[PDB]
């Protein structure tokens, strides 16, 4: 105390392979100053101000908010638990350069609870700066906010894209979009232009894709009649699975457009709520925002965030309340210090 040692286990893609009872000292092959000591087979990371051969210098702190902030969903993270005293830091390594996903799982694992509630929990980023968390919870939250390209609960709420597990038919005869509309499930998933094999190719499970037989490729009057005389309802679990697959898929196209514009930063460097606002407007008006919502896009590529809020507020499509709610997501990111 204050510690645990051989408690639980550790996730690493890196192991080196005749007396092992003695400690072994290793240099992380990719980077530095990152030097680890293996007691038994377990990785230990220590920092000491006064020069040591096998220790590391003091890592500077990160300015990222531990409360409201995120790390890029694109990067790798090192998760550490331990103690620090008067200029000397001792930490046990839990995840060694892992993705946010297995981090979030291997971090709740049955063997690992014990050491994480009595020791200080931090993340070491790819740039070798440090985020110190007050507790383990804060950390878990942080990982959950970081893992997803958009916020799925916000996106599927009635305020934005909605959720309807029964087969439905937006628009109508009086509309220009009549003939371009298909049968739709979950949050806006439209089968009008899709084949079963397309869904299988996108990663949708067999049982869901077979369940939808007879609804593929229908549009206009056909789709309207089909919904009227022979509806089909998916369970909430299946509907949410299908939806999340197509939401992530679309998010990637928005991401590509953003990165291709060479604005000075990457889509993954923006806060969660803003990413969510941009994907939402694109989902409804079409993905190429340079063409479909020019005022919004022009403000985005200028990096003018107040201008962006105004643009969301001034657009007239007859979808006004939703446009406003998107703008208010952006305004929330400005007010909390995450933007600019």
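Numbering follows the first chain given and starts at 1.
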Please count the deposited residues lying between residue 17 and residue 18 that the model leaves without coordinates, and give the class: none, 1 to 3, 4 to 9, or 10 or more. 4 to 9
Tell me which of 311 to 319 and 27 to 35 has the higher mean C-alpha B-factor in the deposited entry. 27 to 35
Per the entry, higher mean C-alpha B factor between 265 to 273 and 117 to 125: 117 to 125
Can you tell me which of 298, 56, 306, 292 has the maximum CA B-factor listed in the PDB entry? 56
Among the modelled residues of its chain, the C-alpha B-factor of residue 87 falls in the third labelled highest
Of the three thirds of Cα B-factor ranks in this chain, residue 144 occupies the middle
Quick tally, chain-level thirds of C-alpha B-factors: residue 137 sits in the highest
CA B-factor placement of residue 211, once the chain's modelled residues are sorted into thirds: lowest
Chain-relative CA temperature factor third for residue 154: lowest
